[PDB]
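Note sheet for the following structure.
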Protein chains: 2
Amino acid sequence: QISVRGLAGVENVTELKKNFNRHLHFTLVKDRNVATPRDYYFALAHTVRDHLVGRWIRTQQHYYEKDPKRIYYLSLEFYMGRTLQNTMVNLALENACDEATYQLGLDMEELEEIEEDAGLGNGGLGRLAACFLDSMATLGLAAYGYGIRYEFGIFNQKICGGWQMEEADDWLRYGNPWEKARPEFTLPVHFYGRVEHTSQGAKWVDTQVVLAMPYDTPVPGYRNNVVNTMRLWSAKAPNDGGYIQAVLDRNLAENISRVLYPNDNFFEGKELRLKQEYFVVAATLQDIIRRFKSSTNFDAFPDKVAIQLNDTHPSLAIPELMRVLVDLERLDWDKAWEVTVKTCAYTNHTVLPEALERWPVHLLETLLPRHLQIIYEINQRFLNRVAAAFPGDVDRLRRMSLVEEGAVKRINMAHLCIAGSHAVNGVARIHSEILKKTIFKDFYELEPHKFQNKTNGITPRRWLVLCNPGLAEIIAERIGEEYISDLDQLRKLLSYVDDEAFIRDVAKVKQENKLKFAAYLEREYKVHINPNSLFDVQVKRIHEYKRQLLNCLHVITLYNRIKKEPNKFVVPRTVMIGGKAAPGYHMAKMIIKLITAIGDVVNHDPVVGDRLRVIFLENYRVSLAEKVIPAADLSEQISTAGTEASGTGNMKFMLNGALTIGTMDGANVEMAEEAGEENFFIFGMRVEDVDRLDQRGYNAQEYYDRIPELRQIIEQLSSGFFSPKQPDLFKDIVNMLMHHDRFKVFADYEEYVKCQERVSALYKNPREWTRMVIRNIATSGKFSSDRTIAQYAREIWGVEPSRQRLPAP
Amino acid sequence: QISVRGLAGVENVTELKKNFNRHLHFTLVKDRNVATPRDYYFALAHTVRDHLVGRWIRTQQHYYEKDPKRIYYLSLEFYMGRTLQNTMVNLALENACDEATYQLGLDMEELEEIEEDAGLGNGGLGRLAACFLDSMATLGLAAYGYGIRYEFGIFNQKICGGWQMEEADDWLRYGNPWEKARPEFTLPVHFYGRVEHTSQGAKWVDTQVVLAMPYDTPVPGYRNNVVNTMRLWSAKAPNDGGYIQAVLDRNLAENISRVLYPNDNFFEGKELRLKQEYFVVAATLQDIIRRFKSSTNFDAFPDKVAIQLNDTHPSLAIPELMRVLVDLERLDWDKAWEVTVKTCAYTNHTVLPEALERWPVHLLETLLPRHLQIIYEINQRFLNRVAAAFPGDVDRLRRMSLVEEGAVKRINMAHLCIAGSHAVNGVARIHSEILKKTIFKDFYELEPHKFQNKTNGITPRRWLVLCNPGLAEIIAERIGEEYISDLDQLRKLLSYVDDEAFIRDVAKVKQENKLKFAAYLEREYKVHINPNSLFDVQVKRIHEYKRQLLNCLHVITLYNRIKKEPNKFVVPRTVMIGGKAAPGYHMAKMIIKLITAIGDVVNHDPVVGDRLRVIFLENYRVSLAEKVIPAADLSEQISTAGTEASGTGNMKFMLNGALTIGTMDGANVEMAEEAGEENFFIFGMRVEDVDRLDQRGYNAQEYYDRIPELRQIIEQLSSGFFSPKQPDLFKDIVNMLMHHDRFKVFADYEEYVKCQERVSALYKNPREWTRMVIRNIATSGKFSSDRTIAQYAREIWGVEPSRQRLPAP
Ligand SMILES: O=C(O)CO/N=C1\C2=CC=CCC2=N\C1=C1/C(=O)N=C2CC=CC=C21
Ligand SMILES: O=C(O)CO/N=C1\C2=CC=CCC2=N\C1=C1/C(=O)N=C2CC=CC=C21
Ligand SMILES: O=C(O)CO/N=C1\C2=CC=CCC2=N\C1=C1/C(=O)N=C2CC=CC=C21
Ligand SMILES: O=C(O)CO/N=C1\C2=CC=CCC2=N\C1=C1/C(=O)N=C2CC=CC=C21
Ligand SMILES: O=C(O)CO/N=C1\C2=CC=CCC2=N\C1=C1/C(=O)N=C2CC=CC=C21
Ligand SMILES: O=C(O)CO/N=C1\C2=CC=CCC2=N\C1=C1/C(=O)N=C2CC=CC=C21
Ligand SMILES: *Cc1c(COP(=O)(O)O)cnc(C)c1O
Ligand SMILES: *Cc1c(COP(=O)(O)O)cnc(C)c1O
């Protein structure tokens, strides 16, 4: 059908069709008389998977032969989403499969909707890991993703009575055709026990053993025949109060990989979580060393191995590597430390204090006794270095310590990561600067060379070609397909900004995507949006720092203005807000209820008509993002300046033809810089402004007293206007806004609504709105994760990316 | 190589080889450079499995078309063993696969040893279910086996310091290529809750729901292209104190199918066990009704459905069927009961009281409130019938009640089964008679027509062709292959009893099997047996009623006689005893220690030499039975008369060329009757003799006082002769033998040792020993499970067996 989807060869389609029928018969064990859509989905999945194996085997065989430097990306989250379409795209099999299934009388799009999302992540951090895997394979790097195979991923969100209800994400129920279990490569992981000091070295004895069983998933590069591996570990009890009970208690050990902690940017110091963190680190490091000893002088270890820590979650890799080198390999401390530092690199994802991992000493003491001793030794030697560089600066010593004193002694994992890594990077320029100027200022002064910036990016395969084929096609028509793996080429679209044909096509694609999504909304969930309105969307995890509340205030403002002057014309809008709240985050759960409550009033007010709709997008996840983003007109990126490290959803919207209303926070700054501030809807306080307000002291009452419209809104919330049966339902929200709002919602309210008016004004001019859209798409090239990975490769890992096709399958 | 293994066609081998390589590549995802023996085993397994699917699909499709009466065999145990070789045998693919793997440079026998046994059974009862499945498919019956998919089967037995150590049987670790998960057919099962009495009928509400997910395994008939199904249910928690904990607690529901209770002929009234029993019944009955409504007048239900209860374990099927018909389908009680009785049939497996299931009322009350009410109603109406037939016989009423009064009220499941079944059968003639004369005398008098006999049998495919190809071949040479599915034809071998060539061949095969096993003993376990000695073996579960102890006494007697007259000639013997003890059965565990202790003394006594060896066969299971039975010379079947209902191991030994020393118990009686008492080594008390002794009162002291050799043995045990470091180690054993031996070991001692002397005398005459062997093999035809199933079909289920090949694959 469309060019960018590949060729539908005669031999190819014929081959696909027979293998499809072969799997239906031999793999699913059903004949055409009783097969269901799900059976057809699996037959297709196995058929596509078959095309990967050959390339997967030779790619890995190739790394064994040439022995390049290996990149190990450790993350407790890999937010993969669906795999079928992505695999077809990267293998140039989409049109062929579409034709093959068409000839078999099946609709491939219907089959793709059957696949369960691999939701092994919470949001930004986990999706970044996923885009990175795609880019590393596309750039020909010998990269390995290592994580945990949770049998239950991020919970499925249900909305009941306007409230969020959580239910288990049993994503493996029908099986996972993409993974390959490798029970023969199971490795032991140790917990508890005690430390014995023998004649020659320390010994970790009397430990509890838990087995780590690996499941490998193929990660195909974009049309280069490279297929890397993502290895996820699963917990298994060894086989060695009653026989029955002993067998039943095996589940205690297997609970380690049972479920993903559903927290986004929040630290919950539970023992089970600590076990998960060590579990992934311990098993992964054995693979690394194993693989290294094959390719005993560990002096070349840093030349053959690079370990990237996605946040501090896998920080135990540092003392675990030291434990292995010192206790097992018997290297001297200084030698082991030199190796460790040159091998590890740490990526920070946020500056919010509640997100920082600070594990209680008593926990590490019981669970990992040897690691705590190693950590104390690292701290001791590190502080001696600070003391020597800043003689007499005693406060500096306590500020930089890995050991945090107080109520209960805690270990600051971020400090541990900085001390044990040769590189530390923020995820957006402004974020990286904030790290050097505040949170890690002391460390930056001691070792300035370690601090870097690596602005986040998103993969254009999944976030353009896959989710928005229509847009990818009209772009390809003018500049070719080369931009798919070289996004900077999108610049060339700048010379079409005045081309009447292109303007019309860009607007047509957006219109089609909106009709498509408007339909999906009714098919599933039975709603009523109007395709002609401006699609205003804010999708991301529910957080106070994200400020879904500021958006809510604007919505209520629009509603009140309409009720004040009913027969006045206003640009129609469909405001969509979606995102999950961590189960224990009370305020976040209240915000969801507020959104639905506003919708209940606004969506049934006769005077409003179809001029304003408020919809809460249920169960926001990767597959849903692939549907709503291509249909968006306005992207809401309104976090308080200095709180959103980077953001990546913002980049997805930019690449898909939506204009952005946002604060100068995270990557928004670089996006506006790339497209030009005139083509962005920037408003609100800058980081400096927030600091000034904090010096002075934030008093929300002031804004309430001087802004009539804002006062009216708070009084509506307080009096029960949005909760008739429960008049004080939103008391906590008002109380927070009025007395303890860390994110200063009121301070940006006036500038925000004024900016929104400018958005409505531009939307009334279709031609100019679209021309601004073209300028955003044309300058979104920098935000490709291929650029990001190329920078990590050259500036941190010391390896050169390659765009060379691997010697066929 | 050997005729009976099929043809090795040119096209067949070529096809097998490429599919083998296809699976290695696409299924195992490995190339020849790194594949291990286990990978090769799986490639072969998937290749063989592929040959089944076509036949499996058409067989099931066929039953849907013709709609024959369905046979449902419910059992909590299916002791399947390995599946690879059995599948090849039944598909006539053994020689082809042997050649194909040979050409690929692999040894198929080495690959077969890699397969894990499907040990979902304890012993006799579970193996019987397995042989039955094979026979039902071979006889073309539309039969379905229904059970539980335990993730942990019978424990693997390790011997440490002479003691049994149990370790988890993680048989699914590397996967099961034979099963097909069918998550789409998952069904709900209810527990707990309460009963509500509404205007029109009772309601079972507020229940806890557990999901039953089916896994289907193909059961191929012998070369008739019929492939039936064995459906095993797995417990799954539904998806609807903390979010994390809620997810973690899902395992509470999934524990239902976690492990097999390792008890053989012993009732342990644990709640988890009761849950397993209802779980299998509830899910299975929904399938049955589902399937019936397709093929609403339930009057034809008994004409389209037959439910066979393997022991009382699935007895809840009776009140569950009533619950469904009365509460859900709304049929009147009497109609529902008529249907239930005509549908259900019950098979009793033992008369020992400790094996009888008697569930406490308070347990059923809490777990299954509606079923208890139904049981009370059944009892009420049943007792009214007894009262009407035996007016005034008040003691009869309490003896026949399903409700047993006393300390704690209990429900006698055996009485429940008899009342709700149209047929009740014992498993051997003597056992069936004992049921009518004692245990169920009252029921037999009330309904004589219900009681039947169905002597057990074993499948000649697994127990002859598969485990003893050498013997199957020399038999086929003289009489053809027709006997494989018509064992009675073995009679024809009677005319070869004087044939010198046959005598020589029969003896040669036995010699080869012994050399083979003697080697296996050294490869694995490093032992020292001498292939020239008489192989005396007793393999079966360790039980006091089985009398491994009587065997031990004989062994010690032989040892003492040798020490008394060292330079006297005695027929060399290798005494092998193997079997597992239930973890909580103390005496059984002590018996294992005694056996190993005897071996420690006897196997290292210089004066004994290689004239006497005592070996304990570790981890006895189906795959091990397939190795040792073909190598046996003497089969020990020495249970106390009236305790072993049938036995099946006895039949396996007879078919494989071993002579039998045994008591007139269970099927031993019919075996001796078939071969002729002169060709059997019968000894000991008969059932009548045991009763006479019980009237009088058993006093072991008497035998101890009048038998010098017996006294010497007891004194050796008592003084620590077999346990130097622990002089009183076997005090419990001596105490039991002397004061509370329910099985009267001493009473059969003299006749047993005297009989053993006759065995040694015959063994000294190779020619005559073999001629007697031929007469046993020639008359073992009656013990084929094909005969047994044919009888169940005609006399209980009302269906005719067929030997017609299904219309090709
Ligand atoms: O278990 C049953 O009640 C039916 O099992 N049926 C099948 C069945 C059972 C087990 C394995 C494969 C298998 N295929 C089956 C079928 C198929 O492929 N097409 C049809 C059409 C109508 C009825 C049944 C089938
Ligand atoms: O095509 C269909 O609608 C159903 O095909 N169903 C089955 C089916 C088709 C093909 C192979 C096996 C097979 N088993 C099947 C079922 C089973 O085991 N239990 C149930 C309960 C309700 C509906 C269907 C089934
Ligand atoms: O004050 C409290 O007791 C909890 O404040 N909690 C949070 C909280 C406060 C302020 C900003 C963000 C934030 N996230 C929070 C949580 C989160 O993301 N997940 C959980 C789980 C259990 C309790 C709390 C949380
Ligand atoms: O992960 C690794 O360290 C190696 O992964 N290797 C393989 C590998 C990884 C994942 C899927 C398939 C796969 N096949 C692989 C190989 C194969 O088929 N033959 C060889 C020979 C030497 C090294 C490796 C292989
Ligand atoms: O052929 C061999 O002896 C080993 O092949 N090994 C592997 C291997 C072969 C083919 C595909 C994937 C693959 N992964 C492999 C391994 C892995 O993931 N971890 C270990 C640890 C120690 C030895 C081997 C492995
Ligand atoms: O007297 C006792 O406390 C136990 O007697 N137990 C048994 C027992 C006594 C006499 C004959 C057979 C027999 N089997 C027995 C058991 C068996 O097979 N499994 C278990 C598990 C836990 C306790 C006991 C048993
Ligand atoms: C890209 C993405 C995110 C991150 O969005 P932000 O707005 O940067 O927080 C979160 N969830 C999903 C499902 C995503 O696709
Ligand atoms: C046949 C068999 C049994 C039953 O043997 P008996 O001597 O009748 O108790 C038990 N276990 C296994 C593994 C068997 O093959």
Side-chain angles (χ1 to χ4, degrees), chain A residues 28-31 33-36 39 52-65 70 79 81 117 119 121-128 130-131 142 144 154 180 182 185 214 216-218 227-231 264-265 287-288 290-292 294-295 427 456 458 462-463 467 538-541 543 545-546 578-580 619-626 628-629 635-637 639 644-653 666-668, chain B residues 24-25 28-35 39 56-57 60-61 64 144 180 182 184-187 214 216 229 231 283 286-287 289-291 293-294:
Chain A
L28 276 28
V29 191
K30 291 195 182 182
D31 84 343
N33 298 134
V34 294
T36 64
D39 294 313
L52 289 171
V53 300
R55 272 163 276 212
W56 195 13
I57 290 173
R58 43 201 309 159
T59 295
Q60 297 309 310
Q61 169 62 292
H62 181 65
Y63 297 154
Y64 177 66
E65 306 276 270
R70 263 79 164 191
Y79 215 167
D117 273 33
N122 279 286
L125 176 158
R127 199 333 111 172
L128 186 74
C131 290
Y144 300 82
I154 182 61
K180 181 55 184 56
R182 293 296 194 196
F185 307 127
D216 292 345
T217 294
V227 181
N228 285 339
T229 301
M230 174 180 65
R231 168 162 282 193
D264 183 82
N265 278 294
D287 255 10
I288 294 180
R290 193 258 308 173
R291 211 176 260 124
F292 170 72
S294 297
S295 70
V427 293
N456 279 173
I458 55 173
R462 182 177 298 273
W463 301 108
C467 67
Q538 186 180 199
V539 291
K540 61 228 291 106
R541 287 294 294 266
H543 258 285
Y545 91 81
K546 304 273 193 181
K580 293 172 185 181
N619 202 34
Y620 179 62
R621 58 188 184 298
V622 181
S623 67
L624 185 54
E626 293 171 2
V628 65
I629 297 179
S635 166
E636 302 268 0
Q637 307 298 329
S639 53
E644 189 72 270
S646 173
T648 51
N650 48 184
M651 303 171 185
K652 303 173 191 173
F653 281 100
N668 290 359
Chain B
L24 179 67
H25 187 75
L28 276 28
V29 191
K30 291 195 182 182
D31 84 343
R32 210 72 190 273
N33 298 134
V34 294
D39 294 313
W56 195 13
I57 290 173
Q60 297 309 310
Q61 169 62 292
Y64 177 66
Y144 300 82
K180 181 55 184 56
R182 293 296 194 196
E184 64 270 40
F185 307 127
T186 292
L187 272 32
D216 292 345
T229 301
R231 168 162 282 193
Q286 291 178 72
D287 255 10
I289 292 177
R290 193 258 308 173
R291 211 176 260 124
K293 290 190 172 186
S294 297

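For ligands, and for the atoms within them, numbers begin at 1 and follow the listed sequence. Worth knowing before you read on, the calculation uses all heavy atoms, side chains too, and leaves out hydrogens, waters and symmetry mates. Below, chains carry the letters A, B, ... as their sequence lines are ordered, and counting in each starts from 1.
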Any nitrogen or oxygen of B:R231, main chain or side chain, under 3.5 Å from a nitrogen or oxygen of ligand 2? yes
Where the side chain of A:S646 meets the backbone of A:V427, is there a donor-acceptor pair that is under 3.5 Å apart? yes
Heavy-atom distance to atom 12 (C) of ligand 4: which of A:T229, B:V29, A:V227, A:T217 wins? B:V29
Ligand-residue contact atoms, ligand 4 with A:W56, heavy atoms, under 4.0 Å: 10 (C), 11 (C)
B:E184/A:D39 under side-chain contact (heavy atoms from CB on, under 4.5 Å): CA gap, chis, key distance, verdict: CA-CA 10 Å; B:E184 64 270 40; A:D39 294 313; 4.2 Å; yes
Identity and separation of the nearest protein heavy atom to atom 14 (N) of ligand 4: A:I57 CG1, 3.8 Å
As a test of understanding, state which of A:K540, A:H543, A:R541 forms a side-chain hydrogen bond (donor to acceptor under 3.5 Å, both in side chains) with A:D264. A:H543
For atom 11 (C) of ligand 2, closest protein heavy-atom neighbour: B:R182 NH2, 4.0 Å
Please confirm whether A:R291 makes a cation-pi placement over A:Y144, using NZ or CZ under 6.0 Å from the six-membered ring centre and within 45° of the ring normal. yes
Using a strict 4.0 Å cut-off to heavy atoms of B:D287, name the atoms of ligand 2 that fall inside it. 19 (N)
Looking at atom 19 (N) of ligand 2, tell me if a protein heavy atom falls under 4.0 Å from it. yes
Applying a 4.0 Å heavy-atom criterion (strictly less than), which segment of A:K652 is in contact with ligand 7: side chain, backbone, both, or neither? side chain
Check for me whether A:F653 has a heavy atom closer than 4.0 Å to any atom of ligand 7. no
Stepwise side-chain contact (heavy atoms from CB on, under 4.5 Å) test for A:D117 and A:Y79: CA-CA 9 Å; A:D117 273 33; A:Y79 215 167; 5.6 Å; no
State the atoms of ligand 7, each with its element, that fall below the 4.0 Å cut-off from a heavy-atom position in A:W463. 15 (O)
Tell me whether A:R291 has any N or O atom under 3.5 angstrom from an N or O of ligand 4. yes
Checking B:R231 against B:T229 for the side-chain hydrogen bond (donor to acceptor under 3.5 Å, both in side chains) test, could you report, in this order, the C-alpha distance in whole Å, the side-chain angles of both residues, the deciding distance, and whether it holds? CA-CA 6 Å; B:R231 168 162 282 193; B:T229 301; over 6 Å; no
In this structure, atom 8 (O) of ligand 7 is nearest to the protein heavy atom A:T648 N, 2.8 Å
Which residue holds the protein heavy atom closest to atom 7 (O) of ligand 7, what is that atom called, and what is the gap in Å? A:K540 NZ, 2.7 Å
For atom 2 (C) of ligand 4, state whether the nearest protein heavy atom is under 4.0 Å away. yes
closest protein heavy atom to atom 22 (C) of ligand 4 is A:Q61 OE1, 3.5 Å
Nearest heavy atom to atom 5 (O) of ligand 7, choosing from A:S646, A:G649, A:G119, A:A667, belongs to A:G649
Heavy atom of A:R290 under 4.0 Å from ligand 4? yes
Yes or no: does A:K546 have any heavy atom under 4.0 Å from an atom of ligand 7? yes
Give the intermediate values and the outcome of side-chain contact (heavy atoms from CB on, under 4.5 Å) for residues A:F185 and A:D287. CA-CA 9 Å; A:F185 307 127; A:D287 255 10; 6.0 Å; no
Taking non-hydrogen atoms only, is B:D216 closer than 4.0 angstrom to ligand 2 via side chain, backbone, both or neither? neither
Looking only at protein heavy atoms, which one is nearest to atom 8 (C) of ligand 2, and what is the separation? B:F185 CZ, 3.5 Å
Do the non-hydrogen side-chain atoms of A:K180 and B:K30 ever get within less than 4.5 Å of each other? no
A:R70 side chain to A:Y63 main-chain N or O, any donor-acceptor pair under 3.5 Å? yes
Does B:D31 reach ligand 4 with a nitrogen or oxygen that is under 3.5 Å from one of the ligand's nitrogen or oxygen atoms? yes
Sidechain-backbone polar pair: A:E636 side chain, A:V539 backbone, donor-acceptor under 3.5 Å: no
Pair B:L187, B:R290 - check side-chain contact (heavy atoms from CB on, under 4.5 Å), show working. CA-CA 11 Å; B:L187 272 32; B:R290 193 258 308 173; over 6 Å; no
Just which atoms of ligand 7 are under 4.0 Å from any heavy atom in A:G647? 8 (O)
Suppose we measure from atom 6 (N) of ligand 4 to each protein heavy atom; which comes out shortest, and what is that distance? A:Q60 CB, 3.5 Å
Which protein non-hydrogen atom lies closest to atom 9 (C) of ligand 2, naming both residue and atom, and how far is it? A:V34 CG2, 3.6 Å
Per-atom filter on ligand 7: closer than 4.0 angstrom to a heavy atom of A:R621 are 13 (C)
Just so I know, are the side chains of A:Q60 and A:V227 near enough to count as touching, which here means a heavy-atom distance under 4.5 Å? no
Give me the nearest non-hydrogen protein atom to atom 10 (C) of ligand 7 as residue plus atom name, then the distance to 0.1 Å. A:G123 CA, 3.7 Å
Shortest protein heavy-atom distance from atom 12 (C) of ligand 7, along with the residue and atom involved: A:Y620 CE2, 3.7 Å
